[PDB]
file coords.pdb (PDB, C-alpha atoms)
ATOM      1  CA  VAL F   4     -54.881 147.179 252.063
ATOM      2  CA  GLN F   5     -55.079 150.712 250.605
ATOM      3  CA  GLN F   6     -56.144 153.546 252.911
ATOM      4  CA  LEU F   7     -56.402 157.133 251.711
ATOM      5  CA  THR F   8     -55.612 160.182 253.795
ATOM      6  CA  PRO F   9     -58.305 162.873 254.196
ATOM      7  CA  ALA F  10     -56.318 164.939 251.678
ATOM      8  CA  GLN F  11     -56.508 162.123 249.124
ATOM      9  CA  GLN F  12     -60.199 161.496 249.786
ATOM     10  CA  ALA F  13     -60.866 165.166 249.047
ATOM     11  CA  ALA F  14     -58.868 164.918 245.816
ATOM     12  CA  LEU F  15     -61.106 162.111 244.531
ATOM     13  CA  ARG F  16     -64.341 163.958 245.320
ATOM     14  CA  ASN F  17     -63.034 167.106 243.581
ATOM     15  CA  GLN F  18     -61.505 165.392 240.550
ATOM     16  CA  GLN F  19     -64.088 166.480 237.970
ATOM     17  CA  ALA F  20     -63.902 170.090 239.130
ATOM     18  CA  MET F  21     -60.114 169.889 238.831
ATOM     19  CA  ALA F  22     -60.342 168.507 235.294
ATOM     20  CA  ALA F  23     -62.598 171.414 234.339
ATOM     21  CA  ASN F  24     -60.140 173.775 236.037
ATOM     22  CA  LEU F  25     -57.182 172.437 234.049
ATOM     23  CA  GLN F  26     -58.906 172.661 230.673
ATOM     24  CA  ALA F  27     -60.111 176.187 231.425
ATOM     25  CA  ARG F  28     -56.568 177.270 232.280
ATOM     26  CA  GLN F  29     -55.280 175.863 228.984
ATOM     27  CA  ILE F  30     -57.879 177.856 227.032
ATOM     28  CA  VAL F  31     -57.002 181.084 228.870
ATOM     29  CA  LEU F  32     -53.241 180.758 228.412
ATOM     30  CA  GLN F  33     -53.591 179.817 224.744
ATOM     31  CA  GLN F  34     -55.974 182.574 223.688
ATOM     32  CA  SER F  35     -55.036 185.557 225.849
ATOM     33  CA  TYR F  36     -52.029 187.843 225.608
ATOM     34  CA  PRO F  37     -49.569 188.930 228.329
ATOM     35  CA  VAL F  38     -49.428 192.695 228.884
ATOM     36  CA  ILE F  39     -47.268 194.661 231.315
ATOM     37  CA  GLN F  40     -48.185 198.312 231.815
ATOM     38  CA  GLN F  41     -47.317 201.154 234.162
ATOM     39  CA  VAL F  42     -50.186 202.021 236.499
ATOM     40  CA  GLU F  43     -48.689 204.532 238.964
ATOM     41  CA  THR F  44     -45.598 206.712 239.403
ATOM     42  CA  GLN F  45     -44.856 209.033 242.318
ATOM     43  CA  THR F  46     -41.853 210.853 243.785
ATOM     44  CA  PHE F  47     -41.936 211.816 247.450
ATOM     45  CA  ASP F  48     -39.775 212.908 250.342
ATOM     46  CA  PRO F  49     -40.159 210.321 253.136
ATOM     47  CA  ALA F  50     -39.742 212.920 255.888
TER
ATOM     48  CA  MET Q   1     -38.545 137.773 249.502
ATOM     49  CA  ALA Q   2     -35.858 137.355 252.152
ATOM     50  CA  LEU Q   3     -34.520 133.961 253.177
ATOM     51  CA  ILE Q   4     -35.055 132.908 256.783
ATOM     52  CA  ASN Q   5     -31.813 132.436 258.694
ATOM     53  CA  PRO Q   6     -32.291 129.180 260.652
ATOM     54  CA  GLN Q   7     -29.259 129.747 262.874
ATOM     55  CA  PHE Q   8     -30.230 133.293 263.902
ATOM     56  CA  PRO Q   9     -33.961 133.809 263.355
ATOM     57  CA  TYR Q  10     -35.940 136.744 264.691
ATOM     58  CA  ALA Q  11     -39.524 137.345 265.741
ATOM     59  CA  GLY Q  12     -42.140 139.911 264.792
ATOM     60  CA  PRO Q  13     -42.083 143.566 265.808
ATOM     61  CA  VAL Q  14     -42.321 144.461 269.494
ATOM     62  CA  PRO Q  15     -44.110 147.602 270.767
ATOM     63  CA  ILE Q  16     -42.035 150.789 270.787
ATOM     64  CA  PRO Q  17     -42.795 154.364 271.979
ATOM     65  CA  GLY Q  18     -45.455 156.094 269.928
ATOM     66  CA  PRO Q  19     -46.101 159.558 268.465
ATOM     67  CA  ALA Q  20     -49.034 160.754 270.685
ATOM     68  CA  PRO Q  21     -51.942 159.246 268.715
ATOM     69  CA  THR Q  22     -54.185 162.299 268.244
ATOM     70  CA  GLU Q  23     -51.319 164.281 266.731
ATOM     71  CA  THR Q  24     -51.304 161.950 263.709
ATOM     72  CA  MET Q  25     -55.027 162.600 263.127
ATOM     73  CA  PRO Q  26     -55.919 165.758 261.165
ATOM     74  CA  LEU Q  27     -58.906 168.077 261.261
ATOM     75  CA  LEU Q  28     -61.254 168.060 258.262
ATOM     76  CA  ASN Q  29     -60.657 171.684 257.197
ATOM     77  CA  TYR Q  30     -64.055 173.408 257.116
ATOM     78  CA  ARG Q  31     -64.780 175.344 253.864
ATOM     79  CA  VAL Q  32     -66.846 178.559 253.999
ATOM     80  CA  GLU Q  33     -68.888 179.829 251.044
ATOM     81  CA  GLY Q  34     -67.235 182.035 248.452
ATOM     82  CA  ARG Q  35     -67.965 184.365 245.587
ATOM     83  CA  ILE Q  36     -66.274 185.563 242.420
ATOM     84  CA  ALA Q  37     -66.454 189.203 243.399
ATOM     85  CA  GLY Q  38     -67.700 192.188 241.450
ATOM     86  CA  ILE Q  39     -70.110 192.842 238.602
ATOM     87  CA  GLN Q  40     -68.442 191.730 235.376
ATOM     88  CA  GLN Q  41     -68.352 193.942 232.306
ATOM     89  CA  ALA Q  42     -69.923 192.547 229.155
ATOM     90  CA  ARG Q  43     -67.180 193.396 226.664
ATOM     91  CA  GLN Q  44     -63.490 194.295 226.589
ATOM     92  CA  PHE Q  45     -61.602 196.895 224.545
ATOM     93  CA  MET Q  46     -59.281 194.362 222.977
ATOM     94  CA  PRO Q  47     -55.757 195.260 221.764
ATOM     95  CA  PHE Q  48     -56.089 193.070 218.647
ATOM     96  CA  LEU Q  49     -58.899 192.690 216.144
ATOM     97  CA  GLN Q  50     -60.836 189.433 216.328
ATOM     98  CA  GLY Q  51     -61.378 188.915 212.604
ATOM     99  CA  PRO Q  52     -59.442 187.425 209.704
ATOM    100  CA  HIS Q  53     -56.749 189.158 207.696
ATOM    101  CA  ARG Q  54     -55.504 188.768 204.136
ATOM    102  CA  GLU Q  55     -52.041 187.534 203.192
ATOM    103  CA  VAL Q  56     -51.833 189.165 199.756
ATOM    104  CA  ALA Q  57     -53.462 192.228 198.232
ATOM    105  CA  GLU Q  58     -55.513 191.849 195.057
ATOM    106  CA  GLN Q  59     -55.926 194.608 192.489
ATOM    107  CA  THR Q  60     -59.508 195.852 192.205
ATOM    108  CA  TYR Q  61     -61.037 197.504 189.151
ATOM    109  CA  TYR Q  62     -63.935 199.726 188.199
ATOM    110  CA  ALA Q  63     -65.396 200.129 184.725
ATOM    111  CA  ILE Q  64     -65.120 203.408 182.828
ATOM    112  CA  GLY Q  65     -66.538 204.571 179.524
ATOM    113  CA  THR Q  66     -64.748 206.078 176.562
ATOM    114  CA  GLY Q  67     -66.639 208.952 174.970
ATOM    115  CA  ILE Q  68     -68.660 209.874 171.924
ATOM    116  CA  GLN Q  69     -67.042 208.192 168.929
ATOM    117  CA  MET Q  70     -66.574 210.541 165.979
ATOM    118  CA  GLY Q  71     -66.077 210.082 162.260
ATOM    119  CA  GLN Q  72     -62.808 210.434 160.399
ATOM    120  CA  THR Q  73     -61.285 211.791 157.205
ATOM    121  CA  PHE Q  74     -59.624 208.733 155.697
ATOM    122  CA  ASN Q  75     -56.965 208.878 153.024
ATOM    123  CA  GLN Q  76     -58.730 207.072 150.279
ATOM    124  CA  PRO Q  77     -57.147 204.647 147.787
ATOM    125  CA  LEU Q  78     -56.853 205.039 144.045
ATOM    126  CA  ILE Q  79     -59.178 203.411 141.528
ATOM    127  CA  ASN Q  80     -58.244 199.906 140.348
ATOM    128  CA  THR Q  81     -57.921 200.692 136.645
ATOM    129  CA  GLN Q  82     -55.703 197.606 136.162
ATOM    130  CA  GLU Q  83     -52.790 199.202 138.075
ATOM    131  CA  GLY Q  84     -52.781 197.596 141.513
TER
END
call {"tool": "encode", "arguments": {"input": "coords.pdb", "output": "structure tokens"}}
result
Amino acid sequence: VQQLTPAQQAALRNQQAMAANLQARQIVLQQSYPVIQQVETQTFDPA
Amino acid sequence: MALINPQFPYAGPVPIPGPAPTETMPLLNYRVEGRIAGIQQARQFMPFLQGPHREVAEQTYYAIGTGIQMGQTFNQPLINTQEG
């Protein structure tokens, strides 16, 4: 009959936390804004 | 749904060499406790305003008054002595 691996048994006991993780990622990516910004610049001699 | 060959039948599976039986059994992976690190700030200096905007601009008004209204020197008509 059907036998689940220990990886698939863990995926059924964590399936409501994964549904809440997916719908929180969709809210973040919809309502935030991507920014790229310079944080550090330096010029050195490696000797 | 294969058809049995009656002239050349075969039997069930025989034992064969195996893949060292404990090496097909995994460990159960042992999670430690974790923490979203740091003390979070309450507010963020956002690059966009969070309120509504207006598509069109509407002209606004304010009331003003005129001034003290004076009298006038009218040009006055002639007398209707049956010519008019």
call {"tool": "resolve_selection", "arguments": {"input": "coords.pdb", "expression": "the ChimeraX specification (/Q :<12) & /F", "output": "number ranges by chain"}}
result
F: 8-13, 34-38
call {"tool": "atom_distance", "arguments": {"input": "coords.pdb", "atom1": "CA of residue 3 in chain Q", "atom2": "CA of residue 15 in chain Q"}}
result
24.2 Å
call {"tool": "atom_distance", "arguments": {"input": "coords.pdb", "atom1": "CA of residue 4 in chain F", "atom2": "CA of residue 20 in chain F"}}
result
27.8 Å
call {"tool": "atom_distance", "arguments": {"input": "coords.pdb", "atom1": "CA of residue 24 in chain F", "atom2": "CA of residue 46 in chain Q"}}
result
24.4 Å
call {"tool": "decode", "arguments": {"input": "coords.pdb", "residues": "range 10-33 of chain F", "atoms": "N, CA, C and O atoms", "output": "compact mmCIF listing (two decimals), in the first residue's frame"}}
result
# COMPACT_ATOMS: atom_id res chain seq x y z
N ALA F 10 10.83 12.17 5.00
CA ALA F 10 10.73 13.51 4.46
C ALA F 10 9.29 13.87 4.10
O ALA F 10 8.90 15.03 4.21
N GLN F 11 8.50 12.89 3.66
CA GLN F 11 7.11 13.15 3.32
C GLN F 11 6.21 13.15 4.55
O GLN F 11 5.16 13.78 4.53
N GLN F 12 6.60 12.44 5.61
CA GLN F 12 5.85 12.54 6.86
C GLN F 12 6.05 13.89 7.52
O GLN F 12 5.13 14.40 8.17
N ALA F 13 7.24 14.47 7.37
CA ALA F 13 7.49 15.80 7.92
C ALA F 13 6.76 16.87 7.13
O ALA F 13 6.39 17.91 7.69
N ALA F 14 6.54 16.65 5.83
CA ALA F 14 5.85 17.62 5.00
C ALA F 14 4.35 17.64 5.24
O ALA F 14 3.70 18.64 4.91
N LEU F 15 3.78 16.58 5.80
CA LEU F 15 2.38 16.57 6.17
C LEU F 15 2.13 17.12 7.56
O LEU F 15 1.02 17.59 7.83
N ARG F 16 3.11 17.07 8.45
CA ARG F 16 2.96 17.67 9.77
C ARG F 16 3.34 19.15 9.78
O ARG F 16 3.08 19.83 10.78
N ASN F 17 3.93 19.65 8.70
CA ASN F 17 4.29 21.06 8.58
C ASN F 17 3.54 21.73 7.44
O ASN F 17 4.01 22.72 6.88
N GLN F 18 2.37 21.21 7.08
CA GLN F 18 1.67 21.69 5.89
C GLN F 18 0.80 22.91 6.15
O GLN F 18 0.48 23.63 5.20
N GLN F 19 0.42 23.18 7.40
CA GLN F 19 -0.28 24.43 7.69
C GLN F 19 0.69 25.57 7.94
O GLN F 19 0.34 26.73 7.71
N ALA F 20 1.90 25.27 8.42
CA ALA F 20 2.91 26.31 8.54
C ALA F 20 3.48 26.68 7.18
O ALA F 20 3.95 27.81 7.00
N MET F 21 3.44 25.76 6.22
CA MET F 21 3.91 26.06 4.88
C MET F 21 2.88 26.83 4.08
O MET F 21 3.24 27.60 3.19
N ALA F 22 1.59 26.63 4.38
CA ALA F 22 0.55 27.42 3.73
C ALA F 22 0.56 28.85 4.23
O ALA F 22 0.32 29.79 3.47
N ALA F 23 0.84 29.04 5.53
CA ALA F 23 0.99 30.38 6.07
C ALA F 23 2.28 31.04 5.61
O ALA F 23 2.36 32.27 5.58
N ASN F 24 3.28 30.25 5.24
CA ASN F 24 4.53 30.80 4.74
C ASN F 24 4.39 31.25 3.29
O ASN F 24 5.00 32.24 2.89
N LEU F 25 3.59 30.53 2.51
CA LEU F 25 3.37 30.91 1.12
C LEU F 25 2.52 32.16 0.99
O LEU F 25 2.80 33.02 0.16
N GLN F 26 1.47 32.28 1.81
CA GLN F 26 0.63 33.46 1.71
C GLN F 26 1.25 34.69 2.35
O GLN F 26 0.80 35.80 2.08
N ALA F 27 2.26 34.51 3.20
CA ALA F 27 2.99 35.67 3.71
C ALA F 27 4.06 36.13 2.74
O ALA F 27 4.42 37.30 2.73
N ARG F 28 4.57 35.22 1.91
CA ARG F 28 5.52 35.62 0.87
C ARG F 28 4.83 36.36 -0.26
O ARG F 28 5.41 37.29 -0.84
N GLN F 29 3.59 35.99 -0.57
CA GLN F 29 2.84 36.67 -1.62
C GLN F 29 2.45 38.09 -1.20
O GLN F 29 2.37 38.97 -2.06
N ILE F 30 2.23 38.32 0.09
CA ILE F 30 1.89 39.66 0.56
C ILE F 30 3.13 40.55 0.56
O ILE F 30 3.06 41.74 0.24
N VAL F 31 4.29 39.97 0.87
CA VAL F 31 5.53 40.75 0.91
C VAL F 31 5.95 41.15 -0.50
O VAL F 31 6.28 42.31 -0.76
N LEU F 32 5.89 40.22 -1.45
CA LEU F 32 6.34 40.52 -2.80
C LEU F 32 5.37 41.42 -3.54
O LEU F 32 5.77 42.15 -4.46
N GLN F 33 4.09 41.41 -3.16
CA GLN F 33 3.13 42.30 -3.80
C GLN F 33 3.28 43.73 -3.31
O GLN F 33 3.22 44.67 -4.11
